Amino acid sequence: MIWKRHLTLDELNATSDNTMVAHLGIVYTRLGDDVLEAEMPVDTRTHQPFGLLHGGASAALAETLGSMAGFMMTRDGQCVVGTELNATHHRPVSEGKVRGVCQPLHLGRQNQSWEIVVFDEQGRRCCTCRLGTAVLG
């Protein structure tokens, strides 16, 4: 069980208040031993002008998940910031909700690397991301 800082899904979801996370309708849906998951709507809040899920929404869902997972891997007075994000958009999404699933690749003392995969409502992989973070303080 990797987490060093322990939050419930309720506490996690309350962190989203007055942030972009809540603004995109992102809701954390699962906290496992080594996995964090959230759902995100595919609607006007996350669409691009031609009816698809905006690639920037999948990206934001990935930085959200990687950064909060990173947060739960630190101790009080420590902050986690995203430093490097990349994403590959494999398949379009036109409707439903997507699920982001975040797992650790590398858990360092000052740097972390997180994998976030985004799946559509049929369970198909639509985006693979990797987020590098810095642990500060």
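Quick note: we count residues from 1 along the sequence shown, nothing fancier.
**Student:** Test of understanding: from the entry's C-alpha B-factors, which stretch has the higher mean, 21-29 or 8-16?
**Tutor:** 8-16 has the higher mean C-alpha B-factor.
**Student:** State which stretch shows the higher mean Cα B factor in the entry: 68-76 or 37-45.
**Tutor:** Higher of the two, by average CA B-factor, is 68-76.
**Student:** Highest CA temperature factor in the entry: which of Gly100, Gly96, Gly55, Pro104?
**Tutor:** That would be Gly96.
**Student:** Which third of the chain holds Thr83 when residues are ordered by C-alpha B factor: lowest, middle or highest?
**Tutor:** Middle third.
**Student:** Divide the modelled residues of the chain into thirds by Cα B-factor and specify which third, lowest, middle or highest, holds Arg91.
**Tutor:** It belongs to the middle third of the chain when residues are ordered by C-alpha B-factor.
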